[PDB]
Structures are given as C-alpha cells and as structure tokens.
Protein chains: 2
Amino acid sequence: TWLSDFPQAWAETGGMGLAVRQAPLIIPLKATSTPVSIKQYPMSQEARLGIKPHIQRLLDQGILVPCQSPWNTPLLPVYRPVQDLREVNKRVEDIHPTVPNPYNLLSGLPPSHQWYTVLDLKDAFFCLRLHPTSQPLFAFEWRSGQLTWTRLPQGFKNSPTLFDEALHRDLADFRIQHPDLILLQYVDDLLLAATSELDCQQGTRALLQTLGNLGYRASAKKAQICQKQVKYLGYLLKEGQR
Amino acid sequence: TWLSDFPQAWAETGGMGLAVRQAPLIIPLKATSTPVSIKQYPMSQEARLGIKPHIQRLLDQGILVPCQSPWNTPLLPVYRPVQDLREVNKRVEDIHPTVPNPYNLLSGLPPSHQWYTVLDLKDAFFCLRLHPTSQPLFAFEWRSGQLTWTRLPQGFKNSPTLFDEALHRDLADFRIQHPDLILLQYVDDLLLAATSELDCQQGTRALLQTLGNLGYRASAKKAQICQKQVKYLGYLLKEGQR
DNA sequence: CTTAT
DNA sequence: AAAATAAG
DNA sequence: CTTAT
DNA sequence: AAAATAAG
C-alpha cells in the first residue's frame, strides 16, 4: 500500500517530524521590547490532570524543555494545553504575510490537471526548530518551574507564515524536478495535481519520499491519494469545479 | 417717542396683527393623503385650567373657531397649548425651504452700514390667514367639540417659510423705495441697516409705518432702535464684527 | 484566566 | 457603555 | 400623550 | 436594542 511503501512519510509510522534542512529559527523582537512575565492563574486539578499527559509526551519528545526565563505567559484550561501568547506576539517584530488566501491559491489550478492528491502535514509547526536564543520567549509555568518550546509553537502570530516559507524552500527542488506537476501549498495543507493517473501516482510517490526525507510527516488517515475528486481548503474539487 | 409716533406698528399698542394684503393661504396635501383623526388623550384638570384662558383669548381674537373636521390632532400639556401636528405635517405637500441660514444672511451686511435697528414681529404666523378650505386640517378637541385655527399655526412644518415669503412680498416696495438701506429678513426677525444715524431714523420710521399699515406688529419691549451695537440672530453686531 | 472586537 | 463572544 | 433620532 | 431626550 501507500502506507507500507513510505513509512518515513506518514505520521502514523515515521515518528514525530523535524525539518532537518531548516536552521533553528531566530525570532526578532520589536526594537523597544522587554520581557513580560505574567503569573500563572491557578488551574483546577481537573484541568491539570487533563493537561499533564500532553506535557509529559512533549517532554519525552524534546519539544518541551525545562528553563528559567524572564518571559512567562499563562496556560489556560482547554483538556489540551493552550498558551495565551498575546503579550509575546505584541513584542515580536511583524513580518509580511506571504501565505496566499485559498481563493487565489486555487486560481493556479488549470483544467489540464484533474488527478489530485491531498496531504496534510501533522504537527507541522513542531517540525521547525527554534534557535536556543529564542526559546525563552515562549516559557510557561508547569506545576515548580518553567518549561519552554524547542519548536515553533501554537498561538505564535508568525508560525503559519514561517512554516509556509520554510516548506516552500524545502520543496523548491521538488518543483524543479517535476515541472509538469502542480503543487499548491497552504501552510500544512498540500495539493498535488497531475494530468494522468499514472503521473499523479509517480508524483505522489516522489512527494511522500521527499517529505519524509526532509523530516515532515503526512496524516495517512486523512490522505486523499490519486483521486479525481478531493476536498481541499474547504472546497470540493470535482470536475474542474471549485 | 418711537412708541407714541407709531401706535399701529407695535404689538403693545396696535392690537393683534393681520396681514391684510396677503390672500388666505391654501395648504396643498400630498397626492395620496386622507384625513387623520387622533383622539385627545385626557388632560389633567391642572393642565386644562392652565390652557383655558389662552384658548378663550384666541377665540375672542377670532384666531380659533369652532368646527367639525375629519382631521384631529392632540393638544399636550406644556401651561400654554402645544399641538402635536406631526401626522398633519406628514400629509401636507413639501415646499422648498427658502429661509436663508443666518450665517449667509449676515454676509449681505456691508461695512458701509453700521447704524442698526432690530425688530421682531409678535405673533407673526397668526398674522397670516388660512383659507377656510385649509382650516379643518388643524382641528383639535377642546373640552365638547372641535376648534381649529383661522391663521397659520405653530408647529406646522411650512409656517416659517410661508411667513418669510409673505413678508418678502409685502416689503418688496419698501426695499425699492429705500435702495440705500439694507433689510435682512429671517422669518419674524428683521434688521435694518443704514449709513448714518439720521437715515436709520428715517428708515426705521418708514419701516414701522409700513409694517403697521400692512398689519404686522413689532415688539416695542425688545426693539433695538438706531444703535451702533445690536443683537441679531444670536450674534452681537459690534464694529463691523460678527 | 484575560482581553479585542 | 457594557454585556455577550470569540479567541490566545 | 406619542414618537424620531 | 432599548432607555434616555428632545420635540410636536
């Protein structure tokens, strides 16, 4: 099957990802920023017990590490952990938003290509390492001491754009090696389009091989492979339409 | 004094006015209007006793008369009577508003004329007769039966413009006979301006003589006569300014 | 929990 | 202007 | 009183 | 959206 032929490429089989070609990201602060330390509002035991195994899993994976940081933002109860990074986001320098909106992205899909594969990357932001100089920015309290992220975190205002740009760099060669394929990227949502069933097959094989080699991981459960009809970015792609 | 020389011209001395050159006004209705009869909400005895002598005075003056009309609008308590004519106003055809705003009106006042007389006409709208065909429009209940107005009423949406235009017609000749005077009209508020004190005197004498002959009445108590400084339309007119 | 709309 | 919502 | 803003 | 206001 597709699952057995590409064990590195699927999240179910290849382990947590890590984008090995991408240098750890440095997050520039605005020119006047200083750290902000917001104390953790006490969490109920129910929420803490809900969050705890997620925290432990992330620590086992090296995605969280202990630290001491002059930055601190609160975790809130849902259970799965969500960090209120609004005060960090305010102090981080803005970048240009380069992620295209889905409407315009879909305009680049010609009627000559109607064999589609749709892949979504699992834990996409976590595949991008954070430079140790920027890791203390995202610290939170866990009960005593702080933890922080060694990967690009959820809730950080620039993660979608940074991820989109990093994947574009990692897939630049794939595009050059397959000039007859159409590859649409929307952060962690990918659409490959081909003229024939066969070229979609051989293209999807190359793309999964490439993704897994680069350290990204696609969801086997949700993958729509080599179909004439697929759902992508909330559209149903059926017969040139939408 | 000015009071004794022009007894017909002042409200204090010449009786209620009546514009004898002005034909009784016909009030055209909108093309689709039919009469509206709003019942009188009961008035307290206190309000009725407050209103009663005003009603009796107006009846003595012929400004109110008994009638039976398919139109009826309510009187409200203040005591002095005020009629809610909003439903009548909605059914009466609109006219172009020709009363200038005071700012632009004052632009027509050159610096060569700095001797001023300010007159305000008392009970101005009541000087204009209503044609009997239009009198039933303004009927109200008085406790049993209806009364209505034989003169242009307060609260009617077109009274200011109709009065301004009627007075302009009645003073057209005065303007032609005194081309060196400036006469500003704002409904019932008049300003005469002249170059010298003497010409303001002889002009103010002619204007009062003319007003009284036409059936209008100026307030002697409030009159500012032949002064280099006067209050007009909320401005203080002092030394070319304002 | 707080806080932007 | 403030509670009702959505969101970090 | 009702009702427009 | 509704009470608070001004107005006929």
Side-chain angles (χ1 to χ4, degrees), chain A residues 27 35-51 54-55 64 71-92 94 125-126 137-143 146-149 151-162 187, chain B residues 27 35-51 54-55 64 71-92 94 125-126 137-143 146-149 151-162 187:
Chain A
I27 303 305
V36 59
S37 181
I38 298 153
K39 184 66 139 312
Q40 177 64 59
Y41 325 99
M43 194 174 310
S44 70
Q45 173 185 103
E46 172 178 84
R48 188 159 62 259
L49 289 177
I51 293 178
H54 301 294
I55 295 301
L64 290 175
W71 300 81
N72 197 80
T73 45
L75 290 179
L76 43 299
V78 98
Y79 289 94
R80 318 215 38 248
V82 172
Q83 196 171 4
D84 181 5
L85 286 179
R86 291 177 300 173
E87 291 298 320
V88 164
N89 285 333
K90 288 171 179 186
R91 290 163 168 82
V92 164
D94 289 310
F125 300 161
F126 290 169
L137 186 54
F138 301 103
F140 58 98
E141 204 171 303
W142 182 246
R143 333 159 168 111
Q146 290 169 297
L147 303 181
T148 197
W149 304 91
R151 316 288 182 90
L152 192 60
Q154 301 295 330
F156 170 51
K157 64 172 178 186
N158 292 340
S159 294
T161 295
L162 294 175
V187 192
Chain B
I27 303 305
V36 59
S37 181
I38 298 153
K39 184 66 139 312
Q40 177 64 59
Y41 325 99
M43 194 174 310
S44 70
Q45 173 185 103
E46 172 178 84
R48 188 159 62 259
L49 289 177
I51 293 178
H54 301 294
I55 295 301
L64 290 175
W71 300 81
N72 197 80
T73 45
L75 290 179
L76 43 299
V78 98
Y79 289 94
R80 318 215 38 248
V82 172
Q83 196 171 4
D84 181 5
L85 286 179
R86 291 177 300 173
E87 291 298 320
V88 164
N89 285 333
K90 288 171 179 186
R91 290 163 168 82
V92 164
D94 289 310
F125 300 161
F126 290 169
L137 186 54
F138 301 103
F140 58 98
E141 204 171 303
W142 182 246
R143 333 159 168 111
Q146 290 169 297
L147 303 181
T148 197
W149 304 91
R151 316 288 182 90
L152 192 60
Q154 301 295 330
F156 170 51
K157 64 172 178 186
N158 292 340
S159 294
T161 295
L162 294 175
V187 192

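Naming: A, B, ... by sequence-line order, numbering from 1 per chain. Values below: every heavy atom of this structure, side chains too, minus hydrogens, waters and symmetry copies.
- Although no hydrogens or angles enter the test, the distance criterion places no donor-acceptor pair under 3.5 Å between the side chain of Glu87(A) and the main chain of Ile38(A).
- With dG8(D), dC1(C), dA4(E) as the choices, the nucleotide that has an atom nearest any side-chain atom of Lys90(B) turns out to be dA4(E).
- Of all nucleotides listed (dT2(C), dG8(D), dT2(E)), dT2(C) comes nearest to the side chain of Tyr41(A).
- Nucleotide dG8(D) holds its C1' atom 11 Å from the CD atom of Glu87(A), rounded to whole Å.
- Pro160(A) pairs by the side-chain contact (heavy atoms from CB on, under 4.5 Å) definition with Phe125(A), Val187(A), not counting sequence neighbours.
- If you take CZ on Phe156(A) and CD1 on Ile27(A), they are separated by 4.0 Å, rounding to the nearest 0.5 Å.
- At distances below 3.5 Å, not a single donor-acceptor pair connects side-chain atoms of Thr73(B) with backbone N or O atoms of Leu85(B).
- Taking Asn72(A) as the reference, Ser37(A), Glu141(A), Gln146(A) meet the side-chain contact (heavy atoms from CB on, under 4.5 Å) condition, with sequence neighbours excluded.
- Atom CG in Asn72(B) sits about 15 Å away from atom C1' in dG8(F), given to the nearest Å.
- In DNA chain D, no stem built from three or more successive Watson-Crick or G-U pairs (distances below 3.5 Å) is found.
- When the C1' atom of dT3(E) is taken as reference, atom CD of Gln83(B) falls 16 Å away, rounded to whole Å.
- In terms of modelled atom types and a separation under 3.5 Å, the side chain of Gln40(B) and the main chain of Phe140(B) share no donor-acceptor contact.
- In this structure, the CG atom of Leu75(B) is 14 Å from the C1' atom of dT2(E), given to the nearest Å.
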